[PDB]
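One structure below.
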Amino acid sequence: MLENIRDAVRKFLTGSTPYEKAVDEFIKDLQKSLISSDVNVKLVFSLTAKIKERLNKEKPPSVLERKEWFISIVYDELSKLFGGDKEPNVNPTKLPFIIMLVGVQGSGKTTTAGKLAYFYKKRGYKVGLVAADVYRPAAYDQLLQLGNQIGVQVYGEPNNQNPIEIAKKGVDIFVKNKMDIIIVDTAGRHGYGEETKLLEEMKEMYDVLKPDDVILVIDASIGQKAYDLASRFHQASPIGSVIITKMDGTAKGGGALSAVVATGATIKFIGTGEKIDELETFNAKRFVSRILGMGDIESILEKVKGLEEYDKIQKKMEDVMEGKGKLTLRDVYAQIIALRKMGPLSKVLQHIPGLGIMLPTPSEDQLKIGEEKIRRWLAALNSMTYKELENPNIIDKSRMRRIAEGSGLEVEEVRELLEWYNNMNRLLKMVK
RNA sequence: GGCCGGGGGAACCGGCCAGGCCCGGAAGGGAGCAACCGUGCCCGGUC
């Protein structure tokens, strides 16, 4: 399905084939792999659109192959496309806790809970679960298993068709025992469509107990359709976050998670399916990225921020008076990094300015000629304690020759630079 | 004179050694600056 699109990814890392066309196809191509894999479309237009939008309103900051950029963008919107951005907060508000597990008809219904709970114990906490469902059979049962088979008791009431009590009952139990976290799956007679009734149930269910964290769930089996279901409820309870049962358990996915999002919906996990652990957290990227996997750039990318927003320092530095601050003639060497990591060397140098920046400065038609000597200035630095570069004025012949040799460079080179530092500023610092 | 800590040091040659520096085609090694690690390093005790 989609997966094999995440290939279009490197299928793209091919200088052989041209551009633009390369794009749109891919677009459509990826674009295809989606709906085909469930995925609603009404939306799409929007994405595919926004996508376009940008193009005719941007360009990759120089010093960086377009093809790549494209992605950041692609990726970029994949995010928004899906669970845009809000980093779900699945951990303790306080303790203990109330996990109201509202489920349509079964499906992950119970299961889920497991790894969920399961998960948090291998986090180090007094879980606690309860069979909060009496319409469909194997409540405890099938579940019951794991419970012990994981070292986590649980509790319920054979036959016994009546939530609330039992729930209430359970609850305070662990509580009385003072455990830390409770999980309790529930549901009712009529769900999908009669959703109205499902929730209708959760109504009391909720407002009777007084749960802190509440969640619904669904298998991508339903997909984009689901939307609604959940939707009606985001209203019931906005704090209402959810997850999608079965990943490896369908083939449609997308639309599922898609629809979700497109409601302001709130997820947290997903779990491929079987196995007591397949459950996983969740953060678009986490996944989006995941369906593109190798997304380095972001890295090399983010270095811009390193540089771009660092000259920030330069000019004049420190603010106000008194107390200790940060760093600077370190930031010196700091500059370094970014770039090299921010994509290979050279191409960039050329593609962009020296190290000062752009003021009443010296040296020809274009600022530089560090070309090689560059990866030399570096030599040391890392050949020196932190403090050193903070007090770039304690460079005794003694303390340095070691860096000299320690970095492998016969003296000279250094002394022969130390000033390209204490003078830079000198001039640099020449603010009126 | 037995132990955990707040901080705790360039260069009298320490553990891992990046970076680079050097010998050999690549292998892989050679000496080693920081870097964390502790020596050390000053005080409190050590159910």
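Ligands are numbered from 1 in the order shown, residues from 1 within each chain, and chains are lettered A, B, ... in the order they appear in the structure tokens.
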Using only C-alpha atoms (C1' of nucleotides), what table do you get, as CSV, when you list each residue of chain A with an atom no more than 10 Å from chain B, its nearest pair of atoms, and their distance in Å rounded to one decimal, rows by chain then rising number?
residue,atom,partner,partner_atom,distance
A:375,CA,B:20,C1',8.8
A:376,CA,B:20,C1',8.5
A:378,CA,B:19,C1',8.6
A:379,CA,B:20,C1',5.9
A:380,CA,B:33,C1',7.8
A:381,CA,B:34,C1',7.9
A:382,CA,B:34,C1',5.4
A:383,CA,B:34,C1',4.6
A:384,CA,B:34,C1',4.6
A:385,CA,B:34,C1',5.5
A:386,CA,B:34,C1',8.3
A:388,CA,B:10,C1',9.1
A:398,CA,B:11,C1',7.1
A:399,CA,B:10,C1',6.1
A:400,CA,B:10,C1',8.5
A:401,CA,B:11,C1',9.2
A:402,CA,B:33,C1',6.2
A:403,CA,B:33,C1',5.1
A:404,CA,B:33,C1',8.0
A:405,CA,B:33,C1',7.2
A:406,CA,B:33,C1',3.6
A:407,CA,B:33,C1',5.7
A:408,CA,B:21,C1',4.3
A:409,CA,B:21,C1',7.2
A:410,CA,B:21,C1',9.6
Might you pull out every residue within 12 Å of residue A:391, with only C-alpha atoms (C1' of nucleotides) counted and same-chain residues fewer than 3 positions away left off, and present them as a PyMOL selection string?
chain A and resi 327-330+384-388+394-396+421-422
Got time to write the residues from that selection, N, CA and C atoms, as a short mmCIF file (atom, residue, chain, number, x, y, z; two decimals), in the first residue's frame?
data_model
loop_
_atom_site.label_atom_id
_atom_site.label_comp_id
_atom_site.auth_asym_id
_atom_site.auth_seq_id
_atom_site.Cartn_x
_atom_site.Cartn_y
_atom_site.Cartn_z
N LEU A 327 28.17 31.85 25.81
CA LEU A 327 29.38 31.50 25.06
C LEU A 327 29.57 32.42 23.81
N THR A 328 30.79 32.50 23.25
CA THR A 328 31.04 33.33 22.05
C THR A 328 32.23 32.95 21.15
N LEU A 329 33.47 33.15 21.61
CA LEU A 329 34.59 32.79 20.76
C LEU A 329 34.72 31.29 20.68
N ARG A 330 33.64 30.66 21.10
CA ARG A 330 33.43 29.23 21.08
C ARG A 330 32.51 29.18 19.89
N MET A 384 40.93 21.72 22.41
CA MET A 384 41.00 22.60 23.56
C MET A 384 39.79 22.57 24.46
N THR A 385 40.05 22.75 25.74
CA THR A 385 38.99 22.77 26.71
C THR A 385 38.02 23.87 26.34
N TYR A 386 36.82 23.75 26.90
CA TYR A 386 35.75 24.73 26.71
C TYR A 386 36.34 26.10 27.02
N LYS A 387 36.40 26.39 28.32
CA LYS A 387 36.90 27.64 28.90
C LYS A 387 37.83 28.40 27.97
N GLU A 388 38.80 27.68 27.41
CA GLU A 388 39.76 28.27 26.50
C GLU A 388 39.16 29.37 25.62
N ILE A 394 44.28 34.09 26.86
CA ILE A 394 45.06 33.37 27.86
C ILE A 394 45.84 32.30 27.10
N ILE A 395 46.11 32.64 25.84
CA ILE A 395 46.82 31.77 24.92
C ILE A 395 48.34 31.97 24.98
N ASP A 396 48.93 31.54 26.09
CA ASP A 396 50.37 31.64 26.31
C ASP A 396 51.07 30.69 25.35
N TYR A 421 41.04 36.49 15.07
CA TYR A 421 40.02 36.25 16.05
C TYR A 421 39.89 37.45 16.95
N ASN A 422 41.03 37.88 17.48
CA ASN A 422 41.06 39.03 18.37
C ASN A 422 41.06 40.33 17.60
#
Which residues are near residue A:38? Cut-off 7 Å, only C-alpha atoms (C1' of nucleotides), ignore same chain within fewer than 2 positions. Put them as a tab-separated table (two decimals) with C-alpha atoms, in the first residue's frame.
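Below is the file that was written, selection.tsv:
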chain	number	residue	atom	x	y	z
A	34	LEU	CA	-3.21	7.00	-0.61
A	35	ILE	CA	-6.84	6.91	-1.52
A	36	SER	CA	-6.12	3.47	-2.92
A	40	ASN	CA	-10.44	10.22	2.00
A	223	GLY	CA	-11.10	4.20	8.22
A	252	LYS	CA	-6.79	0.89	4.45
A	253	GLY	CA	-5.25	2.83	7.33
A	254	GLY	CA	-4.79	6.35	6.04
A	255	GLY	CA	-8.36	7.56	5.73
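Separating atom CA of residue A:273 from atom CA of residue A:245 is a distance of 6.9 Å.
Assigned to strand (DSSP E) in stretch 148-211 of chain A, given DSSP computed from backbone atoms, are residues 182, 183, 184, 185 and 186 of chain A.
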Any chance you could export the current selection's N, CA, C and O atoms as a PDB file, in the first residue's frame?
ATOM      1  N   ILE A 182      -5.095   3.110  36.125  1.00  0.00           N
ATOM      2  CA  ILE A 182      -6.156   2.222  35.709  1.00  0.00           C
ATOM      3  C   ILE A 182      -6.597   2.381  34.276  1.00  0.00           C
ATOM      4  O   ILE A 182      -6.671   3.480  33.732  1.00  0.00           O
ATOM      5  N   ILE A 183      -6.919   1.240  33.695  1.00  0.00           N
ATOM      6  CA  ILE A 183      -7.352   1.152  32.328  1.00  0.00           C
ATOM      7  C   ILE A 183      -8.642   0.366  32.371  1.00  0.00           C
ATOM      8  O   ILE A 183      -8.700  -0.673  33.024  1.00  0.00           O
ATOM      9  N   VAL A 184      -9.684   0.849  31.703  1.00  0.00           N
ATOM     10  CA  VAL A 184     -10.936   0.106  31.707  1.00  0.00           C
ATOM     11  C   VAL A 184     -11.751   0.254  30.442  1.00  0.00           C
ATOM     12  O   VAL A 184     -12.414   1.270  30.228  1.00  0.00           O
ATOM     13  N   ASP A 185     -11.711  -0.786  29.618  1.00  0.00           N
ATOM     14  CA  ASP A 185     -12.419  -0.796  28.348  1.00  0.00           C
ATOM     15  C   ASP A 185     -13.898  -0.974  28.537  1.00  0.00           C
ATOM     16  O   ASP A 185     -14.335  -1.784  29.341  1.00  0.00           O
ATOM     17  N   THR A 186     -14.662  -0.210  27.774  1.00  0.00           N
ATOM     18  CA  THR A 186     -16.092  -0.288  27.849  1.00  0.00           C
ATOM     19  C   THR A 186     -16.714  -0.143  26.474  1.00  0.00           C
ATOM     20  O   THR A 186     -16.018   0.088  25.479  1.00  0.00           O
TER      21      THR A 186
END
Env of residue A:258: 10 Å cut, atoms = only C-alpha atoms (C1' of nucleotides), seq-sep filter 2 positions within chain, self excluded. Answer as number ranges by chain.
A: 38-41, 43, 81-83, 220, 223-227, 253-256, 260-263, 265
